[PDB]
């Protein structure tokens, strides 16, 4: 959308998930900087009325903030000159049974915005856990249209944020732990009409492939593999749901994103490479046809779901040629850089030297070289595999500084033991089939159960890490960077933090009410710069605390790894907004009073 490109150029706005179509989470503002950040303090706050995990970040457009919640998925609009008055609210009615088929807490990753065309007014776009998609009038909150995407009666839910491109809205999928076959969908943003739908497994007609799919890289695979790398009809319940993030390039007209894990977790019940689960895709925005597809993890044995963040850039390669690029840190312990015009592989390096599941990734063949001592199989208990199923990276949205050519990544340090078991498939019931034990990696404290996270600065062409720092818990929610020489991020023990962009030195922190699992955002209003973040712990690391669990193998193995989290935080739900010296809308305290 050309009008969204123009609105994103103003520092008074934050108009889409990831700030801009490159998805870099980067601001040119420098009012707040490494020389004055000690003066940063709260300006105003807002509670959402709900508990459980609060993921994503707010939107800001035309002098207003738009806020979203955990289940039952409420929406609020606030005016920035008087945020104590709620302009409008949307409160959906949903079947309480949706809660029982959610794998990993009652979370939602956020809102999108479409600017209007003179006939249809500007719109806010949202998902619901029960599988409905809705368009709301941005000025009044009234429902313009609503449609069914996903069915809870077969185990299928929604947690992903919508994404707007041209006059279309893109919607993903959840439920591989219940045997759901993945698909993504494009709708007409004005009416709700279905324009195209593409599946992750099965016959080529259902995959929606271009006539020249992978013509630059035929060794990645081409026709017939969505059924040829499976035995019989096991692809019908085969996984590959997409629940993470997108990027977009108007010059190629492609959206970029990853597909998730195959089902069940028991590898012995599904022989074959299981395509096109675990795959980096480039698809045309108007027809959905795939130009390229690269499978990162053939025949998954570990639950390394391939859904993580996409970040675009333009850099010289090692031979000195200018390249248009995408960069992508995966659950499996590898960070991938590809040419975004044709799919060619440029670099594939370890997130940390303790990864042992693969020896390396071969850049000429594209296959990961497996170490068989760290595989899984029936009738065998596998021990000390790194990464764990929680990954060395999960759902957090990271950032990129274009002048420094550095990526700022929030990382996990968690390893595991694993054994599978045989089980039947019944639609509507869980279909996992493995038992796990999880604990800190070799650079943490495996007997006190602390040292479970890292934050690092990275160059994608040389592969060098500029700096690396340990954290008490996994850095789950992502990062945001600015031209004031600062990197901002939230933590599970309940802080907003800032580090120096060149060295990693800790410069500032504030104790917020509950742990953070979303990313920070920034904007100006009447000349003043503000920084905002959600609070409210949850998601996979919080299941022990949220559901009052004690067996370490419960929560798919997450309860044992995070047993100390309850000693540092409790549940919550809301937003905290910061500025220099805490300057804000009530500096005249008579504004917003009764008279």
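Positions refer to the first chain, counted from 1.
Engineer: For the C-alpha atoms alone, is the average B factor greater in 353 to 361 or in 190 to 198, going by the entry?
Structural biologist: Comparing averages over the C-alpha atoms only gives 353 to 361.
Engineer: Which has higher Cα B-factors on average according to the PDB entry: 265 to 273 or 241 to 249?
Structural biologist: Averaging CA B-factors over each stretch, the winner is 265 to 273.
Engineer: Report the option among 151, 445, 303, 177 whose CA atom has the maximum B-factor in the deposited record.
Structural biologist: When the deposited C-alpha B-factors of 151, 445, 303, 177 are compared, 445 is largest.
Engineer: Say you rank 329, 391, 320, 182 by Cα B-factor from the PDB entry; which sits at the top?
Structural biologist: The record points to 320.
Engineer: Comparing residue 395 with the other modelled residues of its chain, is its CA B-factor in the lowest, middle or highest third?
Structural biologist: Lowest third.
Engineer: Compared with the other modelled residues in the chain, in which third is the CA B-factor of residue 471?
Structural biologist: Middle third, going by the recorded CA B-factors of the chain.
Engineer: State the tercile, meaning the lowest, middle or highest third, of residue 500 with respect to the CA B-factors recorded for its chain.
Structural biologist: Within its chain, residue 500 is a middle-third residue by C-alpha B-factor, going by the deposited values.
Engineer: Can you tell me whether residue 560 has a C-alpha B-factor in the lowest, middle or highest third compared with the other modelled residues of the same chain?
Structural biologist: According to the entry, residue 560 has a C-alpha B-factor in the chain's highest third.
Engineer: Ranking the modelled residues of this chain by C-alpha B-factor as given in the entry, is residue 95 in the lowest, middle or highest third?
Structural biologist: For residue 95, whose C-alpha B-factor we compare with every modelled residue in the chain, the answer is the highest third.
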